[PDB]
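Student:
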Amino acid sequence: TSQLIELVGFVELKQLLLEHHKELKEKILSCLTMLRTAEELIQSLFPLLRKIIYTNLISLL
Amino acid sequence: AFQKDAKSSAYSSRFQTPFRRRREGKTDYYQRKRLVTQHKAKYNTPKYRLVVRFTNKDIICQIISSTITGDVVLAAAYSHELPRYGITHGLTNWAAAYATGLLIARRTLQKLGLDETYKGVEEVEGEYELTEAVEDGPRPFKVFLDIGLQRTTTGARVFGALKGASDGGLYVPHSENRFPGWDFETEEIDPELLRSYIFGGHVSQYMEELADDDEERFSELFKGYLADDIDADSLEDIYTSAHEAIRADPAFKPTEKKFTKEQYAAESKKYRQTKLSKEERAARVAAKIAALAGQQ
Amino acid sequence: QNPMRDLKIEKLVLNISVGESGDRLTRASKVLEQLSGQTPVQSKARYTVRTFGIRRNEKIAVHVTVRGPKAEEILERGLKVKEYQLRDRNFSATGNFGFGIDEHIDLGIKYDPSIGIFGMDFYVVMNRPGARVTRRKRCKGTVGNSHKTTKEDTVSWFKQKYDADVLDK
Amino acid sequence: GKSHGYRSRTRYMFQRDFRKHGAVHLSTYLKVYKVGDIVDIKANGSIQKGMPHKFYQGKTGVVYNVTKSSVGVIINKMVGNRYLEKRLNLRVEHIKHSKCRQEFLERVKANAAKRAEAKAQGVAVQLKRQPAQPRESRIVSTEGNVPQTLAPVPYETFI
RNA sequence: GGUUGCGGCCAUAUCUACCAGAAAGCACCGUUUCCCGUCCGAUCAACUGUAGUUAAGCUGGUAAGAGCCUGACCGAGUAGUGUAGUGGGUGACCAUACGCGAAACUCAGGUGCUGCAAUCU
RNA sequence: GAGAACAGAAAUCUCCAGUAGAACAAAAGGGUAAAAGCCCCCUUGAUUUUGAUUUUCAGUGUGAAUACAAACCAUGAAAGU
RNA sequence: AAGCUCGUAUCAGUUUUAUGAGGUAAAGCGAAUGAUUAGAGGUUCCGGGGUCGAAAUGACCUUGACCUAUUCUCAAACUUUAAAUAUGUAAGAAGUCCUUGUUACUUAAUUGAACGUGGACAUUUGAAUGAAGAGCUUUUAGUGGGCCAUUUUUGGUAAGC
Numbered sequence: 084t085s086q087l088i089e090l091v092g093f094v111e112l113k114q115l116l117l118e119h120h121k126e127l128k129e130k131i132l133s134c135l136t137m138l139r145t146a147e148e149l150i151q152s153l154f155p156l157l177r178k179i180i181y182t183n184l185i186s187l188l
Numbered sequence: 002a003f004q005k006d007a008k009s010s011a012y013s014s015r016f017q018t019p020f021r022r023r024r025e026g027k028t029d030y031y032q033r034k035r036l037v038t039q040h041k042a043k044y045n046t047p048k049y050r051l052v053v054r055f056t057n058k059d060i061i062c063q064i065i066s067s068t069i070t071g072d073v074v075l076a077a078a079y080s081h082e083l084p085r086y087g088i089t090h091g092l093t094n095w096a097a098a099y100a101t102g103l104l105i106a107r108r109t110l111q112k113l114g115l116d117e118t119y120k121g122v123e124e125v126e127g128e129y130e131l132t133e134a135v136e137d138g139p140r141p142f143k144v145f146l147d148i149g150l151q152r153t154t155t156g157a158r159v160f161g162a163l164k165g166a167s168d169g170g171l172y173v174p175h176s177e178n179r180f181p182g183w184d185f186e187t188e189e190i191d192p193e194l195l196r197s198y199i200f201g202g203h204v205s206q207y208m209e210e211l212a213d214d215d216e217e218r219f220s221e222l223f224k225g226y227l228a229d230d231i232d233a234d235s236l237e238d239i240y241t242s243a244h245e246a247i248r249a250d251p252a253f254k255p256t257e258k259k260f261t262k263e264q265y266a267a268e269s270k271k272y273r274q275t276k277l278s279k280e281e282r283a284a285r286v287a288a289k290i291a292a293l294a295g296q297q
Numbered sequence: 006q007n008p009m010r011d012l013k014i015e016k017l018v019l020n021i022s023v024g025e026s027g028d029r030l031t032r033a034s035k036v037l038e039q040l041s042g043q044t045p046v047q048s049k050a051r052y053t054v055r056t057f058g059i060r061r062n063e064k065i066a067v068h069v070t071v072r073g074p075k076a077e078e079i080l081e082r083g084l085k086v087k088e089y090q091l092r093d094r095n096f097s098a099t100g101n102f103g104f105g106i107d108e109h110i111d112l113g114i115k116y117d118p119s120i121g122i123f124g125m126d127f128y129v130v131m132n133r134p135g136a137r138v139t140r141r142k143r144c145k146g147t148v149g150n151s152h153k154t155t156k157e158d159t160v161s162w163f164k165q166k167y168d169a170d171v172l173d174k
Numbered sequence: 002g003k004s005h006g007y008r009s010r011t012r013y014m015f016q017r018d019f020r021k022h023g024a025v026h027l028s029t030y031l032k033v034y035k036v037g038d039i040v041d042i043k044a045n046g047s048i049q050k051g052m053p054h055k056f057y058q059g060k061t062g063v064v065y066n067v068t069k070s071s072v073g074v075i076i077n078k079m080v081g082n083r084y085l086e087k088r089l090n091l092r093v094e095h096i097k098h099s100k101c102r103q104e105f106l107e108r109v110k111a112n113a114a115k116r117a118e119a120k121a122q123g124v125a126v127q128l129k130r131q132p133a134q135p136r137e138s139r140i141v142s143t144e145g146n147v148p149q150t151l152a153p154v155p156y157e158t159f160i
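Right, dumping it as structure tokens:
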């Protein structure tokens, strides 16, 4: 449903995080930093292995 | 439970009860909205509905005209009509409701102008077909229903009551997706298995596993049938000859009656109490200021 | 009075909390299956926790509800484990009761090291005939006061048949 | 920057109704109105799709059609002196059931039996009821009720 | 008179704490070969009318209960508002003549009503 | 609020009380309970042609809403939308 | 100021009938704004910086965000929605009752509704009934700079606007 992936994207919410937890991971880290718990996010990189986004976020936090 | 919470007196202000027919539960405004009430494209029209209520699988059929003020019952078909004919028991099945639908299609039809018209078939085999009404004149009659609850399922005496009425001249645009013998997979219809629930083939089928298998409930279940000598193919003759009693005299003959509303108007107030006026019961009022609520 | 206001068990509901999904849960499930013959049901985490290590909708626990005869067996069978001694709490004001057991083996059931060792709890909800009034579709009602299951009434019931002991104050 | 474009604008009126309530009272879409039922611009609280001035209030035209929306009416815009043009009506939330064509037809129309009785009786008809003529000299009594002379209480000086 | 299905009626019903229920008419309980519906035959669906039962629900009765409603020259011909008017007054206010005219508190009474069909000593 | 094998004031399961501070597409507030809502299953009438009416208006432009008939679909045991 | 077309012909500073419309009262911040308050006690290879061992996961502090254990629960005038007291529209030859036609709507059913004709309710003909005229079209001039008092309403920290 990557369509609605970008769906929650353009959106998606804290319920959007629920939908996300129900490239591809481009939209991934996208709404990633979006919702940005951070633990969920480390595990995110987890399920993972985008890059730029993550790096920037880490540098800013 | 207000012995623990104990609400205040200001809490009861925005209180609003529903229907009398809601608490006790009798009327619904989501099915009746498309049953009694209707757009003014038809205006004043005696939309007769068939009220069906199977309690303990007991045959109950009621016909009430659609009126906003003052309902008038046209006809009624209960379970105290089959013992009158000759059918003792076995009136709680689908075949009984099937014969009831045909019986109500002759009793109500008698006062519905003519009785010769609106028939169809009398062979009774179980086949999905449409009744051919008389061209130019007698339009195909359509009977309306009135239930409320009862889950949408297959093999219902309530839902199959229209099927029995469909063979009585009553033309209703129904389907065949819910017949006892229908496959959920494909869209094929099997009239062979359908016939089993007409002559009581499914009833005698369970009896075959009682004289060799289930012997414990042999003396318990099926007892009234042995009293009328029903065990062989005599059960089939019951529903078969039941159609002959339908065209006999559908005038609904009253029972014993014996003294209606006259001599039986004095029984309740013979053991219970009543809310008598305080002017006569001053002995109980003056007793409240004595020791009941006046401290000894 | 009493005729027809006996005191059947409505249902026994065994329940296994497991702060995670995966093998360790499908194994808890396997336990409840072979023990009930019924295929058991999974429950998702309601919110996310972190100090419990769970996320919203994770699948975190299985359970299974069991009714009539089969109920009484597993009741007594695990009731054994508890040496026929509950406590004065354990019983709800609305007259049901429960207990936990750990080690689901202390009641029949072998070991199998590729299954592990799980607890053995489950609640027992009691009722009388005519419970249906509060439960059917049409004319749904609430059961009359002098018909409701209570703590007094259920404890006394337990103390009797089973013979088991109540305990505490 | 602003709030328009695709689907926005109008941040002055933003929903429903109340009053009686049972839906809108489930009998609006059922019954079809005819000649007499006026759909006064009622229920505009949530129906202000181009809200008019506060001056337009009270005037009424002539009903000629009943449908989904409302009936045709006029509002003699008494601005300055005479009345301007225009017609109005109202959406669907302003659809009512006027009782003016009810009570008036249960008092005058109810006395139709008193009209068909003059030629075979002797005049004295019509429902032109008398308003309230002053009472003349009536006959009263005294025995059974002893008169009593009252007096206002002496209001003293106090806070 | 009572009871069941189907309406009108929307606190004049429902809730806490009790009592009554000979007949008829409901419900609960029992069954799992077929159909529908679950993690669980509790609810729903299907089948049957032989067996525990006035135990639950409904109804009725009991009540200076609670809540709500009706009535009264009880509160109160009140308060507020309108018209007219050369009364006092700096402002904030307080009256008379001629119409209309608040709520709550106090007191008293009632404790669901009704049509059709069917059943019932 | 009252319980329990793994398990603490939070997680899983069960029961009781309970006339809506909720749910019901954006930010928000009354509704309504054998729900007008949510979930599962079943889906393409959220699309086209021919009329009329309501608010603004000069019985306007644009936009939006309500209510029929005449083709073409879906859901349902029936009555319907 | 200058014209045309008509007649039982335009209604009302006083009294009865309560169907619509509105955003001032109540509530919430648990996805919208704001004055979403005020502290203490821990844990450091490697969240980011020093001193001291040539070193090795040898050791020891301070200065910012959290968790556990408390308090308040966010002003009526940010927005949307939503009441009592109140005010138009309703006033019959233009309408109603009894007998009777038609059609492509409704119904099993010349039944109802909608749509016609004829007769009666005839001086109490649909509260009371004051009242030196009514409707439509066209054109021109002046005016787009005043003040004060009484009653009602908002604001109103002396004198006072």
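Chains as they are written, first to last, in the UniProt record's numbering: chain Z, 84 to 94, 111 to 121, 126 to 139, 145 to 157, 177 to 188; chain W, 2 to 297; chain L, 6 to 174; chain Y, 2 to 160. Beta carbons: idealized from backbone N, C-alpha and C, even for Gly.
What are the partner residues of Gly-103(L), as DSSP defines its beta bridges?
Tutor: BP columns for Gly-103(L) point to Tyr-128(L).
Student: Can you tell me whether residue 1(W) is helix, strand or coil according to DSSP?
Tutor: With chain W covering 2 to 297 only, the question about residue 1(W) has no answer from this structure.
Student: Please return the same chain residues whose Cβ sits closer than 8 Å to the Cβ of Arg-85(W), not counting the five positions on each side in sequence.
Tutor: Cβ neighbours of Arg-85(W) beyond the five flanking positions: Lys-254.
Student: Measuring only between beta-carbons, confirm whether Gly-201(W) sits less than 8 Å from chain L.
Tutor: Chain L contact via Cβ: absent.
Student: Which whole-angstrom value describes the C-beta separation of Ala-100(W) and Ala-243(W), a residue pair presumed to lie in contact below a C-beta threshold of 8 Å?
Tutor: About 5 Å; that satisfies the 8 Å criterion.
Student: Buried or exposed: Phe-200(W), going by 16 or more other Cβ atoms within 10 Å of its Cβ?
Tutor: Counting Cβ neighbours within 10 Å, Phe-200(W) comes out buried, since at least 16 surround it.
Student: Residues in the same chain with beta-carbon distance under 6 Å from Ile-88(Z), minus the five sequence neighbours each way, listed in chain order, please.
Tutor: Taken in chain order, the residues that qualify are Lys-130.
Student: So residue 175(L) contacts chain W; which residues on that side make the cut at Cβ distance below 9 Å?
Tutor: With chain L running from 6 to 174 in the structure shown, residue 175(L) is simply not present.
Student: Just to confirm, are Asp-107(L) and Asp-173(L) a CB contact at a threshold of 8 Å?
Tutor: It is not a contact, given that the beta carbons lie outside the stated cut-off.
Student: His-68(L) by DSSP, collapsed to three states: which one?
Tutor: Reduced to three states, the DSSP call for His-68(L) is strand.
Student: Please confirm whether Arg-29(L) has its beta-carbon closer than 8 Å to some beta-carbon of chain Z.
Tutor: With 8 Å as the cut-off, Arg-29(L) does not count as an interface residue toward chain Z.
Student: Evaluate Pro-174(W) with the Cβ neighbour count: other Cβ atoms within 10 Å of its Cβ, from every protein chain shown; 16 or more gives buried, anything less gives exposed.
Tutor: The residue is exposed, with fewer than 16 neighbouring Cβ atoms inside 10 Å.
Student: Using a Cβ-Cβ cut-off of 8 Å (strictly less than) and excluding sequence neighbours within five positions of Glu-81(L), which residues of its own chain qualify?
Tutor: For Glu-81(L), where only same-chain residues beyond five positions count, the Cβ hits under 8 Å are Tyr-167.
Student: Does the Cβ of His-5(Y) have 16 or more other Cβ atoms within 10 Å, making it buried, or fewer, making it exposed?
Tutor: The residue is exposed, with fewer than 16 neighbouring Cβ atoms inside 10 Å.
Student: For the beta strand (DSSP E) that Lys-16(L) lies in, which residues bound it at each end?
Tutor: That run of the beta strand (DSSP E) goes 14-22.
Student: On a CA-only basis, which of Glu-128(W), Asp-230(W), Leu-103(W) and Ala-157(W) is nearest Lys-120(W)? Give me that one, please.
Tutor: Among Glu-128(W), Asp-230(W), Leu-103(W) and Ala-157(W), the Cα nearest to that of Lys-120(W) is on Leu-103(W).
Student: Report the rounded CA-to-CA distance for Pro-181(W) versus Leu-277(W), giving the unit in angstroms.
Tutor: Using only the alpha carbons, I get a separation of about 59 Å.
Student: Are any of the Cβ atoms in chain Z nearer than 8 Å to that of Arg-60(L)?
Tutor: It does: the Cβ of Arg-60(L) has a partner Cβ on chain Z nearer than 8 Å.
Student: In chain L, which residues lie with their C-beta within 7 Å of the C-beta of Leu-117(Z)?
Tutor: Result: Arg-61 and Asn-62.
Student: Give the interface partners of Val-33(Y) over in chain W, defined as CB-CB distance under 7 Å, in chain order.
Tutor: Those are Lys-41, listed as they occur along chain W.
Student: So what's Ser-48(L) in DSSP terms, helix, strand or just coil?
Tutor: Note: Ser-48(L) maps to strand in three-state DSSP.
Student: Assign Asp-147(W) to one of three DSSP states: helix, strand, or coil.
Tutor: Strand.
Student: Name the two residues that bound the continuous alpha helix (DSSP H) containing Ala-146(Z).
Tutor: From DSSP, the alpha helix (DSSP H) with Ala-146(Z) extends over 146-156.
Student: Going along the region 21-55 of chain L in order, which residues come within less than 8 Å of chain Z, judged by CB to CB distance?
Tutor: Result list: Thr-53 and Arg-55.
Student: In chain order, what residues of the same chain lie with their CB nearer than 7 Å to the CB of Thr-53(L), ignoring the 5 residues before and after it?
Tutor: Correct list, in chain order: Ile-59, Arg-60 and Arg-61.
Student: Which bits of chain L does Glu-147(Z) rub up against, with CB to CB less than 7 Å?
Tutor: The answer, in chain order, is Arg-55.
Student: Quick check: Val-126(Y) and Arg-116(Y), are their CB atoms within less than 8 Å of each other?
Tutor: Yes.
Student: Which of the three DSSP states, helix, strand or coil, is assigned to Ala-78(W)?
Tutor: Strand at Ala-78(W).
Student: Should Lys-279(W) go down as buried or exposed, given a rule of 16 or more other Cβ atoms within 10 Å for buried?
Tutor: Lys-279(W) comes out exposed.
Student: Could you work out which residue in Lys-55(Y), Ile-96(Y) and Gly-23(Y) is closest to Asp-38(Y) when comparing CA atoms only?
Tutor: Nearest C-alpha to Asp-38(Y): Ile-96(Y).
Student: Can you give, in chain order, each stretch of the alpha helix (DSSP H) that sits fully within the region 77-106 of chain W and has at least 4 residues?
Tutor: Those alpha helix (DSSP H) runs which fall completely within the region 77-106 of chain W and span 4+ residues are 83-86.
Student: Who are the Cβ neighbours of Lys-164(L) in its own chain at under 8 Å, not counting the five residues just before and after it?
Tutor: So the list reads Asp-170 and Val-171, once near-sequence residues are dropped.
Student: Could you tell me whether the Cβ atoms of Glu-25(L) and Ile-65(L) are closer together than 8 Å?
Tutor: Taking 8 Å as the Cβ cut-off, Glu-25(L) and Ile-65(L) qualify as a contacting pair.
Student: Using DSSP with H/G/I as helix, E/B as strand and the rest coil, what is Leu-89(Y)?
Tutor: Looking at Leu-89(Y) - three-state DSSP - the assignment turns out to be strand.
Student: Roughly how many angstroms lie between the CA atoms of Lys-120(Y) and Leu-106(Y), to the nearest whole one?
Tutor: Using only the alpha carbons, I get a separation of about 25 Å.
Student: Across the region 61-77 of chain W and the region 44-52 of chain W, are there enough close Cβ pairs to call them in contact, namely three or more that are closer than 8 Å?
Tutor: Because the criterion of three Cβ pairs below 8 Å is met, the region 61-77 of chain W and the region 44-52 of chain W touch.
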